[PDB]
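Chain residues, written in single-letter form:
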Amino acid sequence: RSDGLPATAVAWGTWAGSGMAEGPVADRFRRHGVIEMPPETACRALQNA
Amino acid sequence: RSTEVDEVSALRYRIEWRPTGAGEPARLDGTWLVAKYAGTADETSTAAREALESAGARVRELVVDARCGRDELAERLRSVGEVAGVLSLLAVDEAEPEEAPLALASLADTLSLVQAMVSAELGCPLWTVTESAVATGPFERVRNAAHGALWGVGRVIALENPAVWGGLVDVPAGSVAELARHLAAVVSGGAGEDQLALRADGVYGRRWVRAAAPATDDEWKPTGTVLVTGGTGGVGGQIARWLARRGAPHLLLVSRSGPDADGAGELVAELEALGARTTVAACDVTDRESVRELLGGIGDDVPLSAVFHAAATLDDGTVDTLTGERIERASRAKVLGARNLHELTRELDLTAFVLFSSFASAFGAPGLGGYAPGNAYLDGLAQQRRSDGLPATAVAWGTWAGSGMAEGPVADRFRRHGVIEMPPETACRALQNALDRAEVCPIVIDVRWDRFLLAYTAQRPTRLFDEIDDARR
Amino acid sequence: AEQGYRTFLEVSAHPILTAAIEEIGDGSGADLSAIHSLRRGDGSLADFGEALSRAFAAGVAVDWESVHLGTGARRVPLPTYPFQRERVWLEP
Amino acid sequence: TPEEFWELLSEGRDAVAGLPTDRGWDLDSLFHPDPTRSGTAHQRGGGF
């Protein structure tokens, strides 16, 4: 962002069964932490980002 | 042997009644009203009162009739004066009106009474005494599943008016000794239980406890025809899709909209592609004779063993307008439909009668107070069916990823202070595992304790969640 | 206090220098137990019975078959030990 | 205590109340409509 190339470092939450922490780590925050964010609204979140 | 069902193990949960404390007995003051009916003389009133004036206060009777008005009890409580609490003995030894499970007079009186204390500016905790409305475990038995609806609405009420709501106090059916033994400490208890189940072996509090999933080898198959009530709806829709994927021979998606549903044809085509010989029908489920002739029209070529009740109507669940008949005509498609299906399937060898309920009963839910009682009636019905020779499974689902049956404003609110859409690709496996155990009342939720209990145990501290190990966080 | 013994009985009609050996225990090793028989203007058998109480409570192993050698005393059913129970369960 | 047990025999009280919940018993695989299902019990209580 400081230089002349736009960038967007979106942090993400696991979605359905295709998340980035999908597995024991996902299953654990799925009990005490980040939620399964629907793709239908995550795409719009990235769009407005 | 399993890694993917670790997600399911943390999905499925059960409600277990652990023995809590009977409460710290404190000498009460002012008055404690024994609100009830007046048709029959009740020894319950005397048994409760003998430890009520002995608790320091005085006992005043508050007769309430069916839909007497949302105000009458308010000016009655203002006339008696300042009150430290009310014992709702209006749900004692009362039979279910066969017209409708939610038309139970005790539910309507409790809702009217609650709003009466709200409009009366009284600010006293309310206790509702029930007779085995919730079994203390599968060892015990529910006498009336309709009474368990009062329990569900009470769990919801705790999240609206913390000062007005005290909780519910369950006692054994017929016996009044537990009242005299415990009520004085229970109502004044500094412990904080909002769910009490007094029994001969002690006092039990409602607890959230993990459900273990060792992946039992027993496998449930959809063999036979599947009666998916409200099949067009997403709650029934994804269930039907999973049934077809698993190899369900017949499907009988039934709803009032039926072929006239927005998405009926596409869903039917998907089911025919995944499975075979699927059928959609526009048939009412509230009427007993409608379901009777529907099962009579079920072809004799296949027996019925997979009645999957999913239909549920819902507009609002706010307590300020919540009356018994409002819940009745809001969730009749749930309660009367499930009652008709159970009454029609006593004589049928069902391998599955999964009643599709929600977390509206599992725990408190603002905006679902008119929805919770239906889910609770389903839970009580399953608890009763498992005691007899009919398998039952009252899964309390979370918000459905794709449905709109319970996906409303409250769904997105709870998405931002709690649970969200459970993935169908793992909710189906959770249901499969629940049918592998013949689990009586699974609670398959995607609960995020850390952020969810920040809006639950906040207004009303509880021990309902004091049994989950991760619920301390 | 160095001789393995930690308690002392100030046998006297009044315990002069009572806290002095308590002062000894306060500033050296462990605090000692100051048991005394009587007190100034206190010579009743109730005081000596109270002297026996503070002796037992301070660790002195009083022979209780000698206090009750004969007094017309018989055994009486009494409540047992109140076991302070805590949940210790092992799950499979 | 043995004196509280006489308060159970003299007044004719039955100690059969229900299955324990302290022990972490499953209680959900313990009862099924099928009486021959492995893992299920037949008694719906007992003095525990």
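Our subject is the structure that appears above.
Participant: What is the right way to read the overall build of chain B from this model?
Facilitator: Within chain B one finds 15 helices and 15 strands. Radius of gyration (C-alpha) of chain B: 22 Å, near the 23 Å computed for a compact globule of 473 residues. The C-alpha extent of chain B, read off along each of the three principal axes, is 70 × 45 × 40 Å. Residues classed as buried in chain B amount to 63% of the 473 residues present. Within the structure as shown, chain B displays about 15,900 Å² of accessible surface, and the carbon and sulfur contribution to it stands at 50%. If you average the places of the 48 positive and of the 67 negative side-chain charges in chain B, the two averages end up 3 Å apart.

Participant: Just to check I follow, could you spell out the arrangement of the chains for this structure?
Facilitator: For this structure, the chain pair with the highest number of contacts among three pairs of chains in contact is chains B and D. At the C-alpha level, the nearest point of chain A lies 22 Å from chain C, with no contact between them. With respect to C-alpha atoms, chain A approaches chain D no nearer than 21 Å, and the pair has no contact.

Participant: Explain the interface of chain B and chain A to me, please; I cannot follow it from the model alone.
Facilitator: Put simply, an interface is often sized by how much accessible area is lost when its parts join up. With 21 residues of chain B at the interface, the matching set in chain A holds 14 residues. Summed over both sides, the interface of chain B with chain A buries roughly 1,300 Å², with 50% coming from carbon and sulfur. Connecting chain B to chain A are 14 residue pairs in polar contact. Top contributing element to the side of chain B that touches chain A by residue count: helix 15 (residues 449-452) of chain B, with three residues.

Participant: Please clarify how the interface of chain B and chain D should be interpreted in this entry.
Facilitator: Contact residues are listed per partner, giving 23 residues for chain B and 15 residues for chain D. In total, about 1,700 Å² of surface goes out of reach between chain B and chain D, with carbon and sulfur atoms giving 46% of it. Inspection of the chain B/chain D interface yields three salt bridges. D28 of chain D is paired through a salt bridge with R14 of chain B; the nearest N and O atoms lie 2.3 Å apart. Taken together, the connections running from chain B to chain D amount to nine residue pairs in polar contact. Listing elements by their share of the side of chain B that touches chain D, those giving two or more residues are strand 1 (13-18) and helix 12 (372-387) of chain B. Among the elements that take part in the side of chain B that touches chain D, strand 1 of chain B stands out by supplying four residues, more than any other. Grouping the amino acids of the side of chain B that touches chain D by side-chain chemistry returns nine nonpolar, three polar and eleven charged.

Participant: Mind showing me how you'd approach the environment of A51 of chain B here?
Facilitator: All names here are of chain B. Position of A51 relative to the elements: it lies in the loop between helix 2 (43-49) and strand 3 (58-63). Separated by 132 residues in the primary sequence, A51 and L183 place their C-alpha atoms 7.3 Å from one another. Filtering out sequence-adjacent residues up to four positions away, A51 remains in contact with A180 and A184.

Participant: Even after reading the chapter, I still don't get the pattern of salt bridges, so can you show me in this structure?
Facilitator: Pairs can form between side chains of opposite charge whenever their charged atoms are close. The full count for this structure, using the stated rule, is 38 salt bridges over all chains. With its nearest N and O atoms 3.7 Å apart, the salt bridge here joins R141 of chain B to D388 of chain B. Pair noted here: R141 of chain B is in the loop between strand 5 (126-131) and helix 5 (147-157) and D388 of chain B is in the loop between helix 12 and strand 15 (393-397), with a separation of 247 residues, a long-range link. The class for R141 of chain B is partly exposed, based on a relative accessible area of 41%. Take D388 of chain B: its relative accessible area is 27%, and that puts it in the partly exposed class. Between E50 of chain C and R54 of chain C there is a salt bridge, and its shortest N-O distance comes to 2.7 Å.

Participant: Which parts of the structure should I look at to understand a nonpolar patch on the surface?
Facilitator: Taken together, the side chains of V10, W12, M20 and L46 of chain A define a hydrophobic patch exposed on the protein surface, amounting to about 360 Å² of accessible area. Position of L46 of chain A among the secondary structure elements: in helix 2 (residues 39-48).

So, how was this worked out
- Residues numbered from 1 in each chain as written, not as in the entry; some residues may be left out.
- Chains lettered and ligands numbered in written order.
- Part of a larger assembly, values for the part shown.
- Heavy atoms only, no water.
- Helix = DSSP H or I, 4+ residues; strand = E, 2+ residues; numbered from the N terminus.
- Rg over C-alpha atoms; globule rule 2.2 N^0.38 Å.
- Buried < 20%, exposed > 50% of the residue type's maximum accessible area, 1.4 Å probe, protein only.
- Areas by Shrake-Rupley, 256 points an atom, 1.4 Å probe, with all protein chains shown as cover.
- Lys, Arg positive; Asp, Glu negative; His and termini not counted.
- Charge placed at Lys NZ, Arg CZ, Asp CG, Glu CD.
- Contact = heavy atoms within 4.5 Å.
- Buried area = accessible area lost by both parts, 1.4 Å probe.
- Polar contact = N/O pair within 3.5 Å; in protein donor to acceptor, adjacent residues only side chain to side chain.
- Salt bridge = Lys/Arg side-chain N within 4 Å of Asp/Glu carboxyl O.
- Nonpolar A, V, L, I, M, F, W, Y, C, P; charged D, E, K, R; others polar.
- Patch = residues over 30% accessible without salt bridge, like charges linked within 9 Å, V, L, I, M, F, W, Y side chains within 5 Å.

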